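Asker: Sequence plus experimental coordinates follow:
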Amino acid sequence: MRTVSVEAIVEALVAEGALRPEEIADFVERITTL
Amino acid sequence: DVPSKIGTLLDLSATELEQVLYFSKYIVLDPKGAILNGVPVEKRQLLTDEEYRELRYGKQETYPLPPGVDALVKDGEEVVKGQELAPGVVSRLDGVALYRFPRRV
Amino acid sequence: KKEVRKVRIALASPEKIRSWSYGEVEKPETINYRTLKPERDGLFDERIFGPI
Amino acid sequence: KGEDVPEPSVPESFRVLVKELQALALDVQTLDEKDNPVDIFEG
Amino acid sequence: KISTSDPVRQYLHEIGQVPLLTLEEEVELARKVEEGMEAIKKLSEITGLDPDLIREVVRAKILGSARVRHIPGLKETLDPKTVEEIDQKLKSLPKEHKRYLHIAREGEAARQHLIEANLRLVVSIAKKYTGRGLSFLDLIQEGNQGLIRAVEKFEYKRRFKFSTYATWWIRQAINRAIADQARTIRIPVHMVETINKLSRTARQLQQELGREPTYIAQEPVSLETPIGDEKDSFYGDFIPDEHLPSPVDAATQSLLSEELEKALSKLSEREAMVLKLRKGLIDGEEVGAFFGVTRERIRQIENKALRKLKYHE
Amino acid sequence: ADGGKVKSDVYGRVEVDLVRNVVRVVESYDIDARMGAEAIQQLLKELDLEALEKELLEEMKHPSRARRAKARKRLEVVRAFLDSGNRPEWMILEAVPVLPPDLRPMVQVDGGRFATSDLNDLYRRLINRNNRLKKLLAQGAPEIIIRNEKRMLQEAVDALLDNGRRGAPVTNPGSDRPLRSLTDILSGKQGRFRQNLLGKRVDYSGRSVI
């Protein structure tokens, strides 16, 4: 199959200038679980 | 899509005859369907399960009898449109009466 | 080696659709959790599509 | 290497748009100068 | 139109035309089915053909005409040209032998009238599996796969009726498939009611205790989801990768597996296999690791096995 | 009946009565009445586009105005098929092509968590429906059951081809948001056609203040 790691993808999202580390943080936090 | 591709190619107003038959169990005739209805063979035309069941099963019918009444089971051969079968058992479907499940012999 | 000056879109006969394909997707089996590897004849088969 | 960069080959966008159209039952061929079949998937 | 009520007025309309009389009409059909059962068997002797071959020629002539060619053992045969050869070789068997046919026809046709009338049962069985992991139409069709699979087996001879005999098989094909097609991975038959059982203590502790306490199951998030200020990004867009080749997989298990069986067979098979297959084949345990010895000698021989297996003096 | 003595006149289906030793004949005949896409595949095979053009030429000009409008619009598609188009039988599928796997992948995210292209669950749904249809034909075909399953099959083809055209199919009872179909990927915000024109990120590049 195929692997991946979210910590590096999140830092890339934070660098990309989409939203602030607040919104991306809420995103990763909903990503974690419910 | 906006201009029916099949519904403009095949002949069906392009809109409902399609929606009606692909998704549901409604039906169009293809090829010779000889049997009767208010007309002969409907080469291209649509119908319901109601009038399709009157062309595959026929015209059966059920008429309940409270436990103890029985009028004309001995007339297990013949019946007309709107005939009496018991005190409160009319029969508008026109056909042949038939014994279903006896009790007293 | 040869140049591509034209593109045409047509409708594809199911006999075509079978030609482009390499084998049939048999089972609704993506991959199992135990081994991260393609299941029996699933959507991610290697014989059908190629090596991951 | 020290070489010059070659362009394609075929482009990624072109092969993908074929097979991705091909996912729906659309026969998209590529043609030569005279109408003729051209295989764009590099053997 | 919307297909929520259409299967309902499709069911409840011939189930309204045939709501089976619980004894007269129900037992009549089950008899004819078994009438057709043995009549086909007796026709298999007179003609020398497969029984399920014969039942299937009956099915084709009852429904008028279909292309449903499948048989166990035989997958196919010339359908529209040969079924009528079969029907005319049946026209030759005399008065003694054609009545088996007449009964076999009436029996399999009643089999359909049986099913078609008992589908409102399936409606109210699958109704207690609403939020389980399958759409309500997948559920009824898995339920209709069970009520069909209950018609092969029912024995009217024992007086218990079919309304309660089929609830089992229907609820057996539903719980068959919910354990299969609900999540992406083919989930264990076990973990269904292990996940379902914590979900019914979580709602019996969160009712009161207010705490989220101490002491292989999660749900997929799709690939495309607008992140950020509900913008145009899709979530696959921000995933870079770890590596392409994925080495130490095939070249490792190839050594890994073969060098296992080497030492695994060089000591006693009663020794090495107790754990080869306990820790490696299905589950785990050691309260019942024992094929019939004390819970103390298995721990004894287990450990002592590995030790001479680890290093030989 | 009796080997030749009796012969039923009316059209119908046969009942064999074993008690009163009679045969009933209830009104029906082979009524070749079909439902769903299987019917329409035939109606396209059985079609003379040459004749339909010559036909439509006449409903075009000779019937007065306010009627030929639909004839023209109907003539365009027939005349489109007759040109370098194809035969319309193709417009219904009996073979569904599967997109290659790496264009709609499945991955393993935080050690034990996955991410899924919605196409993959739409493709699994159809493998589900199609396989159950197969097994329901082998294990006896009570019609209204086989018809539900075929309905489910068309619904799941319409699903992975194009959602939102009939009400959208959802993933679970939490992300009630349409699964991304083969139609979504060829249009919309990024899609396939537009994104190439719209502009991509670029390796050998930078910013700074000037």
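Answerer: Arrived safely, thanks for sending. Residues are numbered from 1 along each chain as shown, chains lettered A, B, ... in the order given.

Asker: three-state assignment of residue D:29?
Answerer: With DSSP: H, G, I helix; E, B strand; the rest coil as the basis, residue D:29 sits in strand.

Asker: got the buried residues for stretch E:161-171?
Answerer: E:161-162, E:165-167, E:169-171 (16 or more other Cβ atoms under 10 Å in any protein chain shown). For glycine as for every other residue, the C-beta is placed from the backbone atoms N, C-alpha and C.

Asker: Among these, which one lies nearest to chain D?
Answerer: residue E:170 (37.1 Å; Cβ to the nearest Cβ).

Asker: Contacts only, for the closest one.
Answerer: E:121-122, E:125-126, E:143, E:146-147, E:150 (Cβ atoms under 8 Å, 6 or more residues apart in numbering or on different chains).

Asker: Tell me how many other residues surround residue E:67.
Answerer: Look at residue E:67: counted by other Cβ atoms under 10 Å in any protein chain shown, it has 9 neighbours.

Asker: what does stretch E:271-290 contact?
Answerer: Residues outside stretch E:271-290 that contact it (Cβ under 8 Å, 6+ apart) are E:263-265, E:291, E:295, E:297-299, E:301-302, E:305-306, E:309.

Asker: list the buried ones in it?
Answerer: For stretch E:271-290, burial by neighbour count (16+ other Cβ under 10 Å) applies to E:271-272, E:274-275, E:278, E:289-290.

Asker: cool, stretch E:175-186 as well?
Answerer: Neighbour-count burial for stretch E:175-186 [16+ other Cβ under 10 Å]: E:175, E:177-181, E:183-186.

Asker: closest to chain D among these?
Answerer: Each of the buried residues of stretch E:175-186 was checked against chain D using Cβ to the nearest Cβ; the closest is residue E:184, at 20.0 Å.

Asker: Not counting sequence-adjacent ones, nearest residue to the closest one?
Answerer: Among residues not flanking residue E:184 along the chain, residue C:30 sits closest, at 5.2 Å (Cβ to Cβ, 6 or more residues apart in numbering or on different chains).

Asker: Residue F:112 now?
Answerer: Looking at residue F:112 with Cβ to Cβ, 6+ apart, the closest residue is residue E:218, at 6.9 Å.

Asker: who touches that neighbour in this structure?
Answerer: Neighbour list for residue E:218: A:33, F:112-113 [criterion: Cβ under 8 Å, 6+ apart].

Asker: Name the SS class of the residue in chain C that chain A sits nearest to, please.
Answerer: Among residues of chain C, the one nearest chain A by Cβ to the nearest Cβ turns out to be residue C:36. It sits 3.4 Å away. Secondary structure assignment for residue C:36 (three-state DSSP): coil.

Asker: mind listing what it touches?
Answerer: Counting by Cβ under 8 Å, 6+ apart, residue C:36 makes contact with A:1-2, F:108.

Asker: Check residue B:29 too.
Answerer: Applying Cβ under 8 Å, 6+ apart to residue B:29 gives the contacts B:41-45, B:47, F:31-33.

Asker: Need phi/psi at it.
Answerer: With angles defined as degrees, to the nearest 10, residue B:29 sits at phi -80, psi 140.

Asker: in the sheet, who's paired with it?
Answerer: Legend: beta-bridge partners of residue B:29 under DSSP bridges are residue F:33.

Asker: on that earlier part again, now, the contacts of residue C:36 that are in strands?
Answerer: residue F:108 (DSSP state E).

Asker: Go through stretch F:71-88 and flag the buried ones.
Answerer: For stretch F:71-88, using 16+ other Cβ under 10 Å, the buried residues are F:71, F:74-75, F:77-78, F:81, F:88.

Asker: ok, of those, which one's closest to chain E?
Answerer: Set against chain E, the nearest of these by Cβ to the nearest Cβ is residue F:88 (22.4 Å).

Asker: phi, psi of residue E:126?
Answerer: The phi/psi pair for residue E:126 (degrees, to the nearest 10) is phi -70, psi -10.

Asker: Looks like it contacts residue E:174 (just checking).
Answerer: Yes. Counting by Cβ atoms under 8 Å, residue E:126 does reach residue E:174; the two are 6.2 Å apart.

Asker: tell me, what's touching those two both at once?
Answerer: Residues touching both residue E:126 and residue E:174 by Cβ under 8 Å, 6+ apart: E:139, E:142-143.

Asker: By neighbours, which of those residues wins?
Answerer: residue E:143 (28 neighbours).

Asker: just checking, it touches residue E:172?
Answerer: No. Using Cβ under 8 Å, residue E:143 is not in contact with residue E:172, being 9.8 Å away.

Asker: Near residue B:97, how many other residues are there?
Answerer: 18.

Asker: From what I see, it and residue B:77 are in contact.
Answerer: Yes. Using Cβ under 8 Å, residue B:97 is in contact with residue B:77, at 7.1 Å.

Asker: ok, which residues in chain F are in contact with chain A?
Answerer: F:105-110, F:115, F:174 (Cβ under 8 Å from any Cβ of the partner chain).

Asker: What residues does chain A have near chain F?
Answerer: When proximity is defined by Cβ under 8 Å from any Cβ, chain A lies next to chain F at A:1-6, A:34.

Asker: same thing but at 7 Å, please
Answerer: Residues of chain A found near chain F (Cβ under 7 Å from any Cβ of the partner chain) are A:1-4, A:6.

Asker: Over to chain C?
Answerer: Residues of chain C lying close to chain F (Cβ under 7 Å from any Cβ) are C:10-14, C:17-18, C:20-21, C:25, C:27-28, C:30-31, C:36, C:43-44, C:49.

Asker: which among the residues you listed end up buried?
Answerer: Neighbour counting over the residues of chain C next to chain F (16+ other Cβ under 10 Å) leaves C:11-14, C:17, C:21, C:25, C:27-28, C:30-31, C:36, C:43-44, C:49 as the buried ones.

Asker: Show me the two of those that sit farthest apart.
Answerer: Taking Cβ to Cβ as the measure, those span a maximum distance of 38.8 Å, between C:11 and C:36.

Asker: quick one: secondary structure of residue E:108?
Answerer: Here residue E:108 is helix, with the state taken from three-state DSSP.

Asker: where along chain F do the helices fall?
Answerer: Counting by DSSP state H, chain F has helices at residues F:37-45, F:49-61, F:68-82, F:118-138, F:143-161, F:193-198.

Asker: Which among those is found nearest to residue B:64?
Answerer: Nearest to residue B:64 among the helices of chain F is helix F:143-161 (24.4 Å), distances taken as Cβ to Cβ.
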